[PDB]
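Novice: Please see the structure below; I have some questions.
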4 protein chains.
Amino acid sequence: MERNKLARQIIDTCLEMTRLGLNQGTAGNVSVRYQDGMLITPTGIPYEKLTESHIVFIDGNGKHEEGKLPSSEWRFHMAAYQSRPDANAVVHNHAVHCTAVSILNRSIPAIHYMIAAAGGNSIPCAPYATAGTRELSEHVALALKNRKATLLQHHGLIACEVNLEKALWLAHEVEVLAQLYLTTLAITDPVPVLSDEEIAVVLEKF
Amino acid sequence: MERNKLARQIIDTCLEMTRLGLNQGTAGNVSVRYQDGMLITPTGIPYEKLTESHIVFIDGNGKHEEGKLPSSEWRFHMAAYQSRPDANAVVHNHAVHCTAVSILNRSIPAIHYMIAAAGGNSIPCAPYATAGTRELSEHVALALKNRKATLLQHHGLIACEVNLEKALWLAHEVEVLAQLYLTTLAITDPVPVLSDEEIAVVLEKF
Amino acid sequence: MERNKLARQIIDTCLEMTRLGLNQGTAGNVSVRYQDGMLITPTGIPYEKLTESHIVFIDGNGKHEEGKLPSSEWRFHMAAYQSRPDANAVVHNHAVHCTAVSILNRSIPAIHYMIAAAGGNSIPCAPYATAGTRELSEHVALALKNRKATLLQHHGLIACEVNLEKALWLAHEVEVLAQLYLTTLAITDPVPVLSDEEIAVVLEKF
Amino acid sequence: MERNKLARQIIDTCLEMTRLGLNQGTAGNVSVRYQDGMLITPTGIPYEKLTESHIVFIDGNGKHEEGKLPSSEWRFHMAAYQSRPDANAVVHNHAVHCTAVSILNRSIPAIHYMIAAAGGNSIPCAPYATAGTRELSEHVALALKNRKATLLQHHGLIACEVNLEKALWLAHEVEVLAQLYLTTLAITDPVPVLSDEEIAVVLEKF
Ligand SMILES: [Zn+2]
Ligand SMILES: [Zn+2]
Ligand SMILES: [Zn+2]
Ligand SMILES: [Zn+2]
């Protein structure tokens, strides 16, 4: 749990995310809870040139290390950490199916039992606000109150979990659920879903 | 036909299945008929860390080896083995197109002559029941009576065959048929199919 | 232009075709014109285990070498060679988009100027006939009279050209055109096409 | 900034573009501003056999080096360079989603805040004209007046930027936006977009 071990894993999550097909338009950013703030990916540097020393520390006050530029989307990473104390890692991306559902401004309903992985019977969609603003941060903090992942309208996805492995896994799972919802929505609307009682049993079970 | 040769092939089937794009949401599980029960993948361990010694033996009574946790979906692997005596290997996954057809709760009709690979003129869709229950197991055992593969509503796919090679091959084939059905269903409904007599000739031919 | 150089290239075309995503359901077969008949891939052996000595020779009379089983789809490879004297190589596959258009039993119209690569202003779709029969062979020979590639209803694609490189390239191009047609057909029907005069200029130009 | 360093990067952009899935039907071509004209990929040679010495120089008058055949699509590369003085690199391809939007003859509207990367609130679609003609060149030069990327009806995409890295990145981004637009258009028409004022804030911000 040294700084450089946490920097290496951030980078491996960047690479793994690209290999899985979630980082298209070379748009993601990844962070971990650390000391009084977080370690996050820098802005501008392509994932493949990233080295341990590129990773930036941002404290609880929002001040970042000297001579390093944190991701341009860092504020809602900080908002996730303060809204969900149990979150230790955050994955953000512009994965295509998720972003496509976020353009319809729809929530993803319980079309598969794996929806319970993010905490309830849906995957919310928070309202649009200009990227990088205080207003975007508030909507994300309210959406993550009772869910571990949220879509952001006209934008993409945020997923948070106890470690980087699980956070990437969740992010990927939401992209599968997003693709299943768009695939069936083109055939029939609305899409058949499992009932709230059925989702309650699955939740107990997990 | 030693235990470790069967453990190696299970693992290679996991890897091959991931490479083919069927194991998204890192959800599949694979088993083989062995002695009085089966060898199956364990729960929790990511496919890439899997070693021969991770594979779990579950006997005819449903008791598993000490200190090892079998997949959480093991019961319907045991149900497949008792419903189809000729089955020696089982592949389960949550492949996207198959799962998308299973959310519409539709059977896949004879839209391509390769539908005959699973035994008849369709790929059934068994009714939803909570994952891991006795009730899910019964529906799978009834669906596999006269078919080698079945969709599971709101869930995914199960495919069984005489060996791991053929079972993976079948599972993959059903994912192609699922994608062909969803692609054409978005254009026209219903989709044109081959007649029962035409399917009967193909069956004789195979 | 030795037998084993032609066997090596067939195999490399199998591999390249799989890498491109055209050989799903491990269904393709490839042949080259040779002596009085052709060299073709064998039936049963998975592409990755294929060695030079697996390749089968079939003469002008349809007799194959002793102890080797040619692809189960060899007859329409022989039909292509007799219908188009200029063809030296044949690629057959069950590529998804192409097969999906072939289930709608539609021709692909001039939605892109690259349609001219197969000879005219369309990609025909020959009528279904049981795989491996004389009747399937006749429909393919009539469809290839004035086109270098054809869809086969409820089945897949056949493409022929002067060498293996160009034949694979053509096969791949038709799969792109098939995907473009299905993608736009789900939005609007009919799809806008280029006029016959415009296609005539492109043809002169190529 | 030697000739061979610019030739190496063109080639790496070809390869990277293929790896990303934008060069299907082996149709792209890439160029860089150089001396009084440009260096561009040659016609006929498959990307993978390309060596530094294959790259062709075309001067300001449109004369190319002796014994080398420039891409068959070179004229609109020259048109981009004269229409946008700030452009140092050009990427052209027939990427599927982009080409599919270009067959509907539609512009891509502001469905995502990343639309601002090409300069405004849309991605235009220039009218069809036979490939390789003076008329195609004029339409591309008018479309690129106030945008860094344009679709070409019934054809594909052109993207230009200050260097090869950014030009490929832009080209890829437009393919993501194209896929998001076609995915949502199949569900609802019209697709919800961000307002012109909202796009103006994003532009200031970038
Ligand atoms: Zn973002
Ligand atoms: Zn399952
Ligand atoms: Zn076939
Ligand atoms: Zn072009």
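Ligands are numbered from 1 in the order shown, chains are lettered A, B, ... in the order of the structure tokens, and residues start at 1 in each chain.
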Got a sec to tell me which of segment 6-36 of chain B DSSP assigns to helix (DSSP H, G or I), as a ChimeraX atom specification?

Specialist: /B:6-20

Novice: Taking 6 positions as the minimum chain separation for residues in the same chain, which residues sit within 10 Å of residue 36 of chain A when counting only C-alpha atoms? Answer as an MDAnalysis selection string.

Specialist: chainID A and resid 57:61

Novice: For the selection you just gave me, I'd like the residues written to a file as a CSV table (one decimal), in the first residue's frame, keeping C-alpha atoms.

Specialist:
```
chain,number,residue,atom,x,y,z
A,57,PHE,CA,-1.9,13.5,-5.8
A,58,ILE,CA,-4.8,15.8,-5.0
A,59,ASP,CA,-5.4,16.5,-1.3
A,60,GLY,CA,-8.7,17.0,0.6
A,61,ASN,CA,-8.7,20.7,-0.2
```

Novice: Within 7 Å of ligand 3, which residues show up when you count only C-alpha atoms and all ligand atoms? List them as number ranges by chain, please.

Specialist: C: 27-28, 73, 92-94, 155-156

Novice: Can you write out the residues you just picked, keeping C-alpha atoms, as a compact mmCIF listing (two decimals), in the first residue's frame?

Specialist:
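Produced file part_17.txt, reproduced below:
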```
# COMPACT_ATOMS: atom_id res chain seq x y z
CA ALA C 27 -17.52 -22.44 -40.74
CA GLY C 28 -15.40 -21.22 -43.64
CA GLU C 73 -19.15 -27.70 -49.00
CA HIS C 92 -16.68 -19.22 -48.49
CA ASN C 93 -17.86 -18.17 -45.03
CA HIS C 94 -20.83 -17.59 -42.78
CA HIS C 155 -26.54 -19.51 -45.36
CA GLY C 156 -23.60 -17.13 -45.99
```

Novice: Using only C-alpha atoms, which of A:161, A:198, A:52, A:189 sits nearest chain D?

Specialist: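 Closest to chain D of all the choices is A:189.
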
Novice: Please find the residues of chain D near chain C - the criterion being any atom within 8 Å, counting only C-alpha atoms - and write them as a list in words.

Specialist: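 Selected residues: residues 24, 25, 26, 96, 97, 99, 100, 101, 103, 104, 130, 154, 155, 182, 185 and 186 of chain D.
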
Novice: Give me the residues within 12 Å of residue 138 of chain A as a PyMOL selection string, counting only C-alpha atoms and dropping any in the same chain fewer than 4 places off.

Specialist: chain A and resi 75-80+82-83+126-134+142-145+152

Novice: Report the distance between atom CA of residue 150 of chain B and atom CA of residue 200 of chain B in Å, rounded to one decimal place.

Specialist: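 Going from atom CA of residue 150 of chain B over to atom CA of residue 200 of chain B covers 20.0 Å.
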
Novice: Can you list, as a VMD selection string, every protein, DNA or RNA residue that comes within 6 Å of residue 91 of chain A when you count only C-alpha atoms, leaving out same-chain residues fewer than 3 positions away?

Specialist: chain A and resid 30 158 to 159

Novice: Selected residues, C-alpha atoms, written as a JSON list (two decimals), in the first residue's frame, please.

Specialist:
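Dumped to result_16.json:
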```
[["chain", "number", "residue", "atom", "x", "y", "z"],
["A", 30, "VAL", "CA", -9.05, 6.45, -12.86],
["A", 158, "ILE", "CA", -18.84, 6.63, -13.28],
["A", 159, "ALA", "CA", -18.34, 3.48, -11.20]]
```

Novice: Separation of atom CA of residue 84 of chain B and atom CA of residue 162 of chain B, in Å?

Specialist: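 We find that atom CA of residue 84 of chain B and atom CA of residue 162 of chain B lie 10.3 Å from each other.
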
Novice: Run DSSP on the backbone and tell me which residues of segment 44-110 of chain A come out as strand (DSSP E); list them as a count of residues only.

Specialist: 8

Novice: Could you jot down the atom CA of residue 116 of chain C to atom CA of residue 90 of chain C separation for me, Å, one decimal place?

Specialist: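 Value for the atom CA of residue 116 of chain C-atom CA of residue 90 of chain C distance: 18.6 Å.
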
Novice: So, with only C-alpha atoms as the atoms that count, which of D:102, D:32, D:7, D:148 lies closest to residue 55 of chain D?

Specialist: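 With only C-alpha atoms as the atom set, the closest residue is D:7.
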
Novice: Determine, counting only C-alpha atoms, which protein, DNA and RNA residues have an atom within 7 Å of an atom of residue 33 of chain B; residues of the same chain fewer than 4 positions away are not included. Present the result as an NGL selection string.

Specialist: :B and (37-39 or 88-89)

Novice: With only C-alpha atoms and all ligand atoms as the atoms that count, which of D:107, D:51, D:137, D:121 lies nearest to ligand 4?

Specialist: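 Ranking D:107, D:51, D:137, D:121 by distance to ligand 4, first place goes to D:137.
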